[PDB]
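We count ligands from 1, going down the list as the structure has it; atoms in each ligand are counted the same way. Sequence lines set the chain letters: A, B, ... in the order given, protein chains first and strands last, and positions in each chain run from 1. Basis for what follows: all heavy atoms, side chains included, without hydrogens, waters or symmetry-related copies.
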Protein chains: 2
Amino acid sequence: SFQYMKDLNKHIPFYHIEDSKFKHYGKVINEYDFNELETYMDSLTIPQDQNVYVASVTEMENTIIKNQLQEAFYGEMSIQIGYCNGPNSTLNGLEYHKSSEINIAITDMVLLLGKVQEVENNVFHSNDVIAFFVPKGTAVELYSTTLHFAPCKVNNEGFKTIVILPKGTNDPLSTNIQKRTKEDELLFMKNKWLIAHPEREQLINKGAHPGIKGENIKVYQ
Amino acid sequence: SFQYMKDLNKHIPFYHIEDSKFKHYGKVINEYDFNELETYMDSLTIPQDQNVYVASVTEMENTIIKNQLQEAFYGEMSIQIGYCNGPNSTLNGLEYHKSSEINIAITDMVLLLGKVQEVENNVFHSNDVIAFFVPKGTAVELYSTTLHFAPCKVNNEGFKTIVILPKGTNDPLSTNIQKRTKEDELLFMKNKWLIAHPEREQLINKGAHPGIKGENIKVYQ
Ligand SMILES: [Fe+3]
Ligand SMILES: [Fe+3]
């Protein structure tokens, strides 16, 4: 429940995804159903140790709805459908893509969002983050200029999310560039620029840029 | 010259592209060399009747700069390089992509920009447009949430721009979708959503949505 989560998280701006404060970050998508996907997602368990992210799942890609979303929402550009399920409750990191991402909440979840415009010399401040409570069943477009990461759990068992992007996004980089722009320092996976919190050893050890300044926010439930 | 243009366009909030007001719309790209493309552009004159947009030019794509922009600025996503040159001086339309576009000003030019978030039931108002004077040699990223169209001229002979996007963008739609979202009404080419001004009969005739309210803004020079 939203009010329970709201009450417990007075240390961060906290909104329902249907609130107009979301409008700068994304849009709620209403006119699609996702039965084919939900059927797949129900065959999956939530890991309790750490989040899993599969970028591209054939089963979910071989669907009517994938073809609908590709031709219309993505204007005929090739897409992948994956999932991010897990027990996480902290910010950890903030990433962007030069694309639209769809997140479909298969469980209640929360997203910690920023705006890429608020990055200055590869630094973003926790204070700028906003949380949005997304109910089971809700689908959102997150804009390319919206800093985002893995959801934070609402229910004790964790969360389940469908994640839709241009095909190839989050694949390993296949070249090692000559870095020349500020942004190049963030480049981490295909079509994925990442700003990690310095207390997130799992990302820092992977080479991620340590540019979140402030507390690694925690979402209490 | 910027002050010349500014003095003639007091009917429109008018800014240098280096101004901070641009930060909401895009970013200036500095650390790249576009010389190979500049050389191709020198082989062209400016059309005098009407704009020309060619989405993909193989010769421009078979360059070192194309490989660099693909691997780094687009994070390994496949890109096309084209150009948009001509004599235009009006708004005419506002389009977006679920991608970043790069515009490289080979001549002085002006961009009339909006935000996608300012669209309300498939309507944008001219009064929300902001003009940005882009000097010869400036490269800009336009974010996916930035409504944009073809440049407006500074010099009497017209303008020349390089246009970089994900490969396929602005190709003809291969499907006729069953429309279901407000956004589906705007879908006009591959990865291109357009809101046309009603005075451009040629766009409306082709099925563009007439949703710009207000003057077809003109840039005087
Ligand atoms: Fe993402
Ligand atoms: Fe465009």
Rounded to the nearest 0.5 Å, what's the gap from CD1 on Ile12(A) to CG on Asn127(A)? Could you check?
12.0 Å

May I ask you to test the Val57(A)-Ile81(A) pair for a side-chain heavy-atom distance under 4.5 Å?
no

Provide the atom name of the closest N, O or S atom of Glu95(A) relative to the Fe ion (ligand 1).
OE2

Identify, by name, the N, O or S atom of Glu101(B) lying closest to the Fe ion (ligand 2).
OE1

Per residue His148(B), nearest N, O or S atom to the Fe ion (ligand 2) is named NE2

Side chains of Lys115(A) and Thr145(A): is there a donor and an acceptor less than 3.5 Å apart?
yes

Please say which of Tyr143(B), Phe132(B), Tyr15(B) ends up in a ring pair (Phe, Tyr, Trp, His ring centres under 6.0 Å) with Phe22(B).
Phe132(B)

